[PDB]
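Okay, structure first, notes after.
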Amino acid sequence: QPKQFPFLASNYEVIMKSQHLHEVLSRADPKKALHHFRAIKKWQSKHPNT
Amino acid sequence: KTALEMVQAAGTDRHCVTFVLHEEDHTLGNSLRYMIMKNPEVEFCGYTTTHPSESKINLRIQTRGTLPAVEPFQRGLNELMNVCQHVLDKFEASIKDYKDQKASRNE
Amino acid sequence: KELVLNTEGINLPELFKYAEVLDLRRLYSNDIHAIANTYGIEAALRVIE
Amino acid sequence: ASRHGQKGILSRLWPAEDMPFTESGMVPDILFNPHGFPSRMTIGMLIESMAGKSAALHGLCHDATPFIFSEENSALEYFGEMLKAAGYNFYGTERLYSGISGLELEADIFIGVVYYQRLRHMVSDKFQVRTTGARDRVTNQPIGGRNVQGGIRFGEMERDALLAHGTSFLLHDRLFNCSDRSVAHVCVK
Amino acid sequence: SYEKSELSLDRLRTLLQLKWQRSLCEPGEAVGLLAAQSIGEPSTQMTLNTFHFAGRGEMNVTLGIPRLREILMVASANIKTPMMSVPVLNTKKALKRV
Amino acid sequence: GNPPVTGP
Amino acid sequence: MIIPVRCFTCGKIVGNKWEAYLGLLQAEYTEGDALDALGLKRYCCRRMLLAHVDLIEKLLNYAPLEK
Amino acid sequence: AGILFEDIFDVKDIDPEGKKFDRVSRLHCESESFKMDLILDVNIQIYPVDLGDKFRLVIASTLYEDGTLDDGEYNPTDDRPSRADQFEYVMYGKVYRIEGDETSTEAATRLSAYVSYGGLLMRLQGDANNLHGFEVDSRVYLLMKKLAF
Amino acid sequence: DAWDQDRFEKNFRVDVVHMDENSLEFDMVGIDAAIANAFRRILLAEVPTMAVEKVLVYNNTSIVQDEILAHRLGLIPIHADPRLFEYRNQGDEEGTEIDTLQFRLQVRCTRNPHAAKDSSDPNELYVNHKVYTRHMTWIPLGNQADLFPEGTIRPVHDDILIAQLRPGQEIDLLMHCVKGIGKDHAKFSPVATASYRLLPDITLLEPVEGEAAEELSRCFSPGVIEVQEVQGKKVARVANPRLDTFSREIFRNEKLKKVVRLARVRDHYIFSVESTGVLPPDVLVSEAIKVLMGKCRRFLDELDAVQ
Amino acid sequence: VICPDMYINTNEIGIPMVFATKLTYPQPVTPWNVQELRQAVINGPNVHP
Amino acid sequence: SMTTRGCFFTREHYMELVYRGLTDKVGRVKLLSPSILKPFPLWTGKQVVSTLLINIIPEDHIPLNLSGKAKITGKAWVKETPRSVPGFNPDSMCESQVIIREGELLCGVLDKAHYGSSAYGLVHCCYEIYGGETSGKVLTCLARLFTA
Amino acid sequence: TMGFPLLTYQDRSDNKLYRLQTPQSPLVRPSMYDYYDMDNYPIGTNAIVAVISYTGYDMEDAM
RNA sequence: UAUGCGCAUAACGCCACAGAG
Ligand SMILES: [Zn+2]
């Protein structure tokens with residue numbers, strides 16, 4: 001939740017020791033999903049009214 | 001048959017050892033905690049009873065420098081014994097002072 | 001601070017006459033069958049929820 | 001139970017050396033937790049303890065009939081004046097010490113004399129344990145009752161709540177291996 | 001704000017996105033029992049028909065477990081308290097017409 | 001509740 | 001039923017004080033004064049004797065041998 | 001030296017928000033040399049402070065002038081000389097926030113610094129030219145002493 | 001600051017207030033709550049006494065039934081010296097001269113043949129209709145009759161009412177007394193109660209005069225405030241503050257709750273030891289100090305056996 | 001009947017000796033737990049463990 | 001009561017509460033330097049809870065940072081009428097706002113909002129950062145501390 | 001309540017019969033307790049009850 | 001199936017009351 005994101009921005013180093021896959025080969029490959037969100041934001045900039 | 005267990009830590013330092021005193025409760029535990037906390041070379045000391053179903057206490061002593069935590073335990077035992085010996089002497093002398101003053105003031 | 005109609009009773013296509021006074025875009029109802037027969041089943045789903 | 005609707009299971013038989021002794025040289029014989037008061041509002045138990053302490057101290061027997069105390073002549077004013085006449089606190093509290101620590105407790109502990117009742121519901125008539133035993137002669141499941149040394153149900157809502165855990169071999173345990181695992185013969189054709 | 005904490009934008013985004021990926025339902029989870037027991041268990045803390053009169057000018061609906069049974073178990077064409085609720089427009093002509 | 005007989 | 005040997009709360013012997021208590025009350029003492037004359041200072045001791053209902057004299061009217 | 005701040009304050013008010021924790025008074029003070037003002041929770045059983053008291057407030061990073069060794073471990077057995085021998089009331093706490101006002105001009109002459117002495121709080125506000133040694137999560141020693149004039 | 005034995009021996013003193021048989025009020029000055037509570041707890045639950053453990057009934061035609069009468073008899077203090085006996089071993093159903101005592105209770109109620117005269121009180125109609133504690137007869141086993149003089153082993157109180165009979169009814173039984181500490185069962189506890197309280201110090205923060213002195217005298221226990229007519233006007237002073245019970249009634253008087261200060265004198269205890277009668281109470285306090293010395297010596301011997 | 005206990009952990013339950021000497025578990029005998037099961041066989045059905 | 005501003009402990013009382021909350025800790029119990037060094041060494045109650053927290057977070061982990069509120073509101077403390085100070089927001093320094101920094105409880109009371117059955121508090125944040133076993137240990141050790 | 005049911009224990013042959021051993025008269029009771037002579041069959045004991053949170057075992061209705 | 005020592009004994013439902021949470 002957006003109120004709990006400051007709890008998550010603090011305690012950052014403690015969470016990353018529990019998530020060993022920031023650098024892993026299979027995951028941390030955000031190309032398809034980030035390109036799809038960039039496509040959605042480009043559409044929504046070209047179309048302000050849905 | 002063994003009443004005393006000394007449980008060192010995972011480190012082999014022998015400066016942080018938990019003493020398990022079987023058949024014992026808050027009497028000796030709290031009096032020993034008082035007399036061991038008088039030692040300047042003791043970092044930490046407390047006792048606790050493990051469960052009401054059991055009859056034993058855990059007693060932790062942590063020392064500062066190179067002395068093991070067996071020496072404050074033995075010194076606290078000797079100091080509590082000397083305390084109780086002096087209290088015994090004072091109490092018996094005062095009771096004997098009462099019985100002589102009372103038996104002569106009515107006669 | 002808007003003003004809201006509230007009727008005890010339901011006739012969904014009767015209020016379609018008055019589209020110039022009422023905001024029929026935000027029409028709501030308790031009856032899930034009336035919403036299911038007027039606005040479809042995916043609207044009645046949100047009415048249940 | 002007390003006489004006010006305060007029932008309670010004995011949790012612990014606490015030693016007398018570990019019990020908080022008052023300044024009069026007195027331990028209690030029952031400890032009551034003060035959190036049984038706010039949601040339940042049995043104020044008459046506080047008045048009964050003040051009144052029973054006055055009744056013991058002065059050698060009296062007090063009237064606890066309802067509707068004899070108004071708001072002008074309150075019950076707590078009356079029994080506080082009785083306790084004040086006995087040289088105790090007006091509000092029913094005493095200076096207790098700690099039997100575990102030796103130190104005088106910082107709070108000022110409300111103590112009195114409450115008349116307790118022992119209910120007939122004892123744990124000696126309620127515990128039961130079934131490892132194996134008799135089975136129902138129709139279904140080959142365990143039988144019911146603790147006098148016949150029988151089994152307890154793992155009913156439908158327990159089945160539901162254990163399906164919600166995702167533990168399927170634990171239902172298979174409780175509801176097939178520990179009730180009735182029979183081996184039938186079928187013609188596979 | 002002072003004493004920055006050696007955290008970036010992109011590694012914060014990666015933290016939140018990996019946490020979102022790990023917060024998914026595992027395959028196997030009986031979500032229907034959880035939904036059933038999550039409608040049913042709070043229903044024990046719901047009384048029966050409190051009867052708020054609330055004046056004459058307001059409305060009342062069916063409360064509690066009878067209305068929850070109308071929604072779920074019966075799916076009735078005729079509920080006890082039917083209702084519609086339409087906002088009106090802020091046009092002056094609309095307020096003189098309503 | 002009484003003055004002690006044995007002096008200090 | 002019968003007077004308890006010790007007080008429940010503290011272990012004061014109260015069982016030897018029942019006939020003394022009855023003889024003090026028949027000698028027209030107040031119950032508070034009769035509990036003072038027995039040395040019952042704590043009110044734990046004092047309710048043990050004040051509130052004692054002696055069911056054994058009622059329970060021995062059904063004495064069987066009647067002979 | 002490991003002195004982070006040093007001034008002479010003067011108690012202008014006591015508990016203005018009116019909360020009255022037992023054994024604790026909140027002292028709203030105001031400086032003499034600087035633009036500083038103080039809000040300070042003190043223990044008033046062991047060290048009572050009245051209205052109009054003038055005291056000398058020092059905030060240090062260590063108690064030892066012979067090199068800021070900065071142990072943080074507490075030996076009661078150390079009889080070596082300290083800063084605390086010249087003071088009357090000494091605490092020890094962590095700086096949990098520092099803040100000010102800036103609009104593309106850093107440390108624009110206001111810089112609060114909130115220090116918590118195990119629950120007894122403290123802000124030290126003023127011009128940021130005196131509040132440099134503070135940062136968040138740092139350990140500081142409060143060292144105050146009443147001046148007898 | 002280390003443990004200074006010399007400073008303790010300077011500041012420690014015991015002041016005896018009152019000592020008779022079976023009661024003892026004294027003071028301990030300059031000792032901590034840990035050691036004072038240790039002494040209190042030893043007196044409550046670890047100084048050993050002799051008490052009835054097994055009751056061998058032969059006939060019991062009374063209405064005080066058997067398992068009730070056994071508990072009844074276990075709660076009677078036996079005037080023996082517990083230091084001359086030992087603990088019975090685990091599993092000895094038959095105790096020897098070392099570690100057990102025997103008491104025979106054998107009372108039969110019969111109707112009073114003569115001198116009844118058609119009266120109504122039971123003391124004239126019946127004989128042995130109340131079973132007291134003088135009916136318990138000590139049965140010396142082994143050489144206990146030579147070790148103990150006659151009339152030494154007995155119960156403490158004779159006139160504790162054991163049971164109550166009617167003609168025809170009979171109590172015939174035999175009791176075995178063993179040694180134990182009051183931690184095990186409360187029947188072994190040698191004290192009625194043993195406790196302490198710190199000494200109160202009431203001070204006057206302001207001189208109290210007139211009717212306020214009488215209000216101050218009545219807001220405390222009788223004896224602590226001596227109100228006296230020095231000029232003819234009355235002033236109040238604290239005189240023997242030991243009498244105060246901390247009713248704290250002065251804190252309800254709105255005017256006078258600012259002139260006094262009720263605190264306690266730190267490390268100044270007032271013990272009260274009330275023996276049941278098995279040992280004298282000064283002997284109980286001596287044995288209670290020796291018990292804690294024995295605990296310390298127990299674990300020092302454990303440390304020396306490990307080393 | 002249940003009673004409270006604080007001096008066990010939150011993930012623990014307090015089992016009486018009434019139930020602990022009556023509820024059994026079928027532990028198969030492997031060479032690495034045969035000393036424990038052998039001591040348990042010697043203790044028998046009325047001595048825990 | 002213990003994490004209220006003004007609850008002080010001497011060294012003996014501090015160490016007995018800390019050990020009686022940590023019933024058997026393997027390894028060395030690490031301690032906090034006192035809140036007040038002169039006139040007398042005094043620990044606040046927040047340092048007792050903080051020592052307890054630092055000694056049950058696992059050894060290869062960093063202790064948690066937290067900032068929430070308490071169930072006891074800030075107006076529950078007010079005795080007199082509040083005099084408004086101009087340059088001072090009162091709830092910047094108030095026992096409602098809980099602040100935890102590297103395990104140490106720096107401000108705020110700990111009531112049902114933390115370690116109760118209430119979200120976003122101390123033990124829920126221990127459940128989210130550390131395991132559920134660590135939340136079990138926090139609920140166990142705080143219970144023993146508070147009963148002590 | 002396990003009280004004092006009756007006075008004829010040998011004359012009564014019924015299946016269970018709960019007897020309190022030493023029951024006490026209440027020190028604080030209404031006047032109807034003495035109108036109906038309820039000290040013939042008392043059902044409780046006076047206890048020195050202290051209302052304290054001391055042990056950890058008395059929360060949630062336990063005692 | 002349980003107890004006792006392969007052997008001997010005992011091998012349950014339906015209503016209605018009462019109660020516990
Ligand atoms: Zn008593």
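Hydrogens, waters and symmetry mates are skipped; everything else that's a heavy atom, side chains included, is used. Chain letters run A, B, ... following the sequence lines, proteins first, then strands; residues in each count from 1.
- Between M/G21 and M/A11, the distance separating the two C1' atoms is 33 Å to the nearest Å.
- Between M/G13 and M/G4, the distance separating the two P atoms is 24 Å to the nearest Å.
- Taking atom CZ of residue D/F127 and atom P of nucleotide M/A20, one finds them 21 Å apart after rounding to whole Å.
- Electrostatic pairing of G/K58 and L/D39 does not count as a salt bridge here, judged by no charged N lying under 4.0 Å from a carboxylate O.
- Pairing for M/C7 is with M/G4, a Watson-Crick or G-U wobble pair whose two hydrogen-bonding atom distances lie under 3.5 Å.
- Salt-bridge check for D/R159 with D/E156: failed, with every basic side-chain N at 4.0 Å or more from each acidic carboxylate O.
- The gap from the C1' atom of M/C5 to that of M/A10 amounts to 16 Å, rounded to the nearest Å.
- Rounded to whole angstrom, the span from the CZ atom of D/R120 across to the P atom of M/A18 amounts to 13 Å.
- Rounded to whole Å, the distance from NZ on L/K16 to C1' on M/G19 is 14 Å.
- Using the six-membered ring where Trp is involved, D/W14 and L/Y54 have ring planes that are perpendicular, over 60° apart on the 30 and 60° scheme.
- Between the P atom of M/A10 and the CG atom of D/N147 lies a distance of 19 Å, rounded to the nearest Å.
- The pair D/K7-L/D61 does not count as a salt bridge, with every side-chain nitrogen at least 4.0 angstrom from each carboxylate oxygen.
- Rounded to whole Å, atom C1' of M/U1 lies 16 Å from atom CG of D/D180.
- Using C1' as the reference atom, M/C7 and M/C15 are 41 Å apart when rounded to the nearest Å.
- Between D/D136 and D/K126, the residue whose closest nucleotide on RNA chain M is further toward the 5' end is D/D136.
- Annotation: M/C12 and M/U1 have their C1' atoms spaced 14 Å apart (nearest Å).
- Two rings, from D/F110 and D/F32, have their centers 6.0 Å or more apart.
- With respect to the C1'-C2'-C3'-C4' torsion, M/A16 shows a north sugar, the value lying on the positive side.
- Put simply, CG on D/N140 is 13 Å from P on M/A2, counting in whole angstrom units.
- Between the P atom of M/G21 and the CG atom of L/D61 lies a distance of 10 Å, rounded to the nearest Å.
- The residue among D/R137 and D/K7 whose nearest nucleotide of RNA chain M is located toward the 5' end is D/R137.
- Whole-Å rounding puts the J/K22 NZ to M/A2 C1' distance at 11 Å.
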